[PDB]
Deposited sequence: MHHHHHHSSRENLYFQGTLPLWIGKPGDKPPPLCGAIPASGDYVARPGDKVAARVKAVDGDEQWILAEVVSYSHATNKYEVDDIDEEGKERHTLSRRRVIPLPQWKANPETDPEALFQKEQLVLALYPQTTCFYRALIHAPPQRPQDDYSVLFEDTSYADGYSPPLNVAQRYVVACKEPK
């Protein structure tokens, strides 16, 4: 009710690799997202910007997605090369069992910024040590002399490779 789309914790058995789209584990090279899946989509801005979007369809003929920008005003459609679409994780990685499926300190990532529907460049400050905790990240911010925000929390749901 309150937390629509919250991610399940990956629980693997012996000898199971953390799968593609578990935390930091990348999608396979031929991966195709389904209608309804959430993605980071690189679109033209005013400049380009990674936005939170929802897949509408994919054409294997053109290798282009149709995606809808998720905004409060209503949807805007974009047609994008698969090169401009990063699938969001479908599981959160459990640091207690699959710590290697988390982005490590200082890794460059794209992360959702608070009170936006956009992804921006950030460095990992700390991966979570417990499954109930999120990432701490430093966002690039050119308004500050050293170029970075203070540490801000971002759920695994909204941190992807840059």
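According to the record, C-alpha coordinates are lacking for deposited residues 1-12, 59-60, 177-180.
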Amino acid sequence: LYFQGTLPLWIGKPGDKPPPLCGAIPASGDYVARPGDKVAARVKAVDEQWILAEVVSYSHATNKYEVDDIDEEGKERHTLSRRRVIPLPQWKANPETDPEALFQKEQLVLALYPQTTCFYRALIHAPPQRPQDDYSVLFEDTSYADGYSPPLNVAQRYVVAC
From here on, numbers count along this sequence of modelled residues.
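We call the rigid core whatever largest set of C-alpha positions still superposes within 1.5 Å between the two forms.
Here the rigid core sets the fit, and in 7 other deposited structures of this protein the C-alphas of 129-137 stray farther than those of the other stretch, out of 129-137 and 104-112. Set 48-56 against 64-72 and average the Cα temperature factors; 64-72 ends up higher. Once the C-alpha B-factors are averaged per stretch, 25-33 and 120-128 rank with 25-33 first. Taking the deposited Cα B-factors for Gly147, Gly15, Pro19, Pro150, the highest one is held by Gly15.
Per the PDB record, residue ranking by Cα B-factor puts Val160 in the lowest third of the chain. Ranked against the other modelled residues of its chain, the C-alpha B-factor of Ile11 as given in the entry falls in the highest third.
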